[PDB]
Amino acid sequence: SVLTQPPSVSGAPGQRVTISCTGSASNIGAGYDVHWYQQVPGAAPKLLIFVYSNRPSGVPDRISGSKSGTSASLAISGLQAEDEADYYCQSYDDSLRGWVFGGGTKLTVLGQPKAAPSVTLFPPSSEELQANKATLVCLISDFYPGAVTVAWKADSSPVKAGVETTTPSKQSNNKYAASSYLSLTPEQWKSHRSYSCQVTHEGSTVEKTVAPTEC
Amino acid sequence: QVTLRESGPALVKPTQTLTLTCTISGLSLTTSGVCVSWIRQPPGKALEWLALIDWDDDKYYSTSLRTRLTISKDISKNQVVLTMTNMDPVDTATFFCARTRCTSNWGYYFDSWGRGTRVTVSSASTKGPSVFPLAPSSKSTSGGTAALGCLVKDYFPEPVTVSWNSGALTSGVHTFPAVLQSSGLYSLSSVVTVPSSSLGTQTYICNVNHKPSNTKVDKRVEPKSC
């Protein structure tokens, strides 16, 4: 994304959080207005802040916007349960000649203890290799807030192609779960020293690794 | 009271052309200063602006998708139409139309949004899953448990169900939500957390039932060996 947001921000009721939106000289630095949108899961986005800091009808003043340099920021004082949602900054970029959004920030209003994910990574099965296919399976469970980012590596090199990752969904215990899958040829799987799944939960990145020589 | 409502097909097949319609009420598309945009949102991903049309017939497009898009206005019906050519399953997304403030005295932002409409790009083919064992290690862990499972790959449509040992094993079972893949097929995994001490002696079988294709699979999951 041309505009960069943290994937997750969280606070308890009554706390203040801020969401940064970092751009560049082709958008926020060029003076193109920054706006913010709020999106409750299940619904369409709504305008929350326009021209940096103006609030539409119905948006409370504990929600504030600002701009400095190549960045913008959304502050929410006094978190209320209704603030739990995804938030997007938006501007214009004159190198791409188009309206651009940030990647989005899930704001969780904490209602239970924070919990780090359990991550399990499986290599391709011998049966799948015998069908001339290979899938790595990265399973992520029991985490709260319900927001993660997943990346993959072959040896030490980032791998972007062949990646399919779910959005976090609520479990019975009201913690969250997600999964990510990496599709490879059997030849790639056998040719690298190892492959890793990297799971980032509020700034904490844990990496699980599997190798074709692990038996 | 400006309102916008999207309409169009829920399902489109690959390479086909998608036509979406935005009906605007309470505001005339002929009025100076009135613009409307289309924005898409792939499942679980960020918003992405696609196109804008103004009260002159001025048309603006994402520079990355320009050659696939056309935006048009039907003044008779007060509607803005999006056409997007050569649909692929990677294009599955919710599409929104939004009244866009469009002029220097106001700003350039998405003021009033439609509710959105989901377009899924997929074939007409039902397809059952391939099921593969996710073998557990017998290696020591702090907790004395190991995870084993079954990968349920490349099926369509949802749903699928997974049981373990014909329903006799329910404790420690976690069947994950499915992923909709770039191919337009689904995959999911079901894992069981079991005692490592049992890996040599208990049998574990996952039973997959994909009722839409009438495919049933039993797969024995055996521990890793060397």
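Since every read-out is calculated from the coordinates, none of them should be taken as a lab result. Neighbour counts run over all protein chains shown; Cβ positions are idealised from the backbone, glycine included.
Projected label points at residue B:64 and residue B:118, each 7 Å from Cα along the beta carbon direction, are separated by 2.3 nanometres. Taking 7 Å steps out from each Cα toward its Cβ at residue A:75 and residue B:214 produces label points 6.5 nm apart. Other residues within the sphere of radius under 13 Å centred on the Cβ of residue B:115, judged by their own Cβ, net out at +2 (K and R +1, D and E -1).
Just report the Cα centroid separation between the stretch B:178-226 and the stretch B:103-159, whole Å. The distance from the Cα centre of the stretch B:178-226 to that of the stretch B:103-159 comes to 17 Å.
Around the Cα centre of the stretch B:130-220, unit charges on the Cβ atoms of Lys, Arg, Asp and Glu (plus for the first two, minus for the last two) sum to a dipole of about 140 debye.
Considering only A:42, A:107, A:72, and ranking their Cα positions along the charge dipole of the protein assembly as shown that arises from unit charges at the beta-carbon of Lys, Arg, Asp and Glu, the one farthest toward the positive end is A:42.
Which FRET efficiency value, to the nearest 0.05, do you get for residue A:213 and residue A:174 by plugging their Cβ-Cβ distance into 1/(1 + (r/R0)^6) with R0 = 41 Å?
Numbers: r = 40 Å, r/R0 = 0.97.
FRET efficiency, residue A:213 to residue A:174: 0.55.
Taken residue by residue and averaged, Cβ atoms of other chains lying within 10 Å of the Cβ of A:126-137 number 4.
Take the Cβ-Cβ distance between residue A:185 and residue A:206 as r, set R0 to 45 Å, and report the resulting FRET efficiency rounded to the nearest 0.05.
Values: r = 27 Å, r/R0 = 0.60.
The pair residue A:185/residue A:206 has a calculated efficiency of 0.95.
Please find the FRET efficiency linking residue B:166 to residue B:140, where r is the Cβ-Cβ separation and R0 is fixed at 30 Å, and quote it to the nearest 0.05. Write down the numbers at each step before the final one.
Values: r = 31 Å, r/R0 = 1.02.
Here the calculated transfer efficiency is 0.45.
Which net charge results when you count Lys and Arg as +1 and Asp and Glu as -1 among the other residues whose beta-carbon is under 14 Å from that of residue B:95? Every neighbour counted, the sum reads +3.
According to the square roots a ≥ b ≥ c of the eigenvalues of the Cα gyration tensor, what is the shape class of the stretch A:64-215, taking rounded for a/c under 1.5, prolate for a/b larger than b/c otherwise, and oblate for the remainder? It would help to have the intermediate numbers written out before the result.
Numbers: a/c = 2.88, a/b = 1.62, b/c = 1.78.
Here the stretch A:64-215 falls in the oblate category.
Residues of the stretch A:163-195 with the amide nitrogen closer than 15 Å to a label point 7 Å from the Cα of residue B:224, along Cα-to-Cβ, please. Of the residues in the stretch A:163-195, A:190, A:193-195 have backbone N under 15 Å from the label point off residue B:224.
Just from its helices, what would the mean residue ellipticity at 222 nm be for the protein assembly as shown, if runs of 4 or more DSSP H residues each count -39500 (n - 2.57) and the sum is divided by every residue, rounded to the nearest 500 deg cm²/dmol? It would help to have the intermediate numbers written out before the result.
Values: 2 runs with 10 residues, N = 441.
Here the helix-only value at 222 nm equals -500 deg cm²/dmol.
On the principal axes of its alpha carbon atoms, the protein assembly as shown extends 77, 49, 39 Å, with the longest extent given first.
Per residue of A:42-50, other chain Cβ atoms within 10 Å of the residue Cβ number 5 on average.
What is the sum of charges around residue A:30, taking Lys and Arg as +1, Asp and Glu as -1, for the other residues whose C-beta is under 11 Å from the C-beta of residue A:30?
On the way: positive: none; negative: A:33, A:93, A:94.
Result for the local shell: -3.
Give the average, rounded to an integer, of partner chain Cβ atoms located within 10 angstrom of each Cβ in B:145-152.
Numbers: counts 0, 1, 6, 2, 4, 1, 8, 0.
So the per-residue partner count for this stretch is 3.
For the pair the stretch A:1-78 and the stretch B:78-98, the centres of their Cα atoms are 26 angstrom apart.
Quick one: putting +1 on the C-beta of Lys and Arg, -1 on the C-beta of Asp and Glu, what dipole do you get for the protein assembly as shown around its Cα centre, in Debye to the nearest 20? Don't jump to the answer; show the numbers that get you there.
Details: 37 positive and 31 negative charges, 97 e Å.
So the dipole magnitude of the protein assembly as shown works out to roughly 460 debye.
Distance between the modelled labels on residue A:4 and residue B:203, one decimal in nanometres: 5.4 nm (7 Å Cα→Cβ projection).
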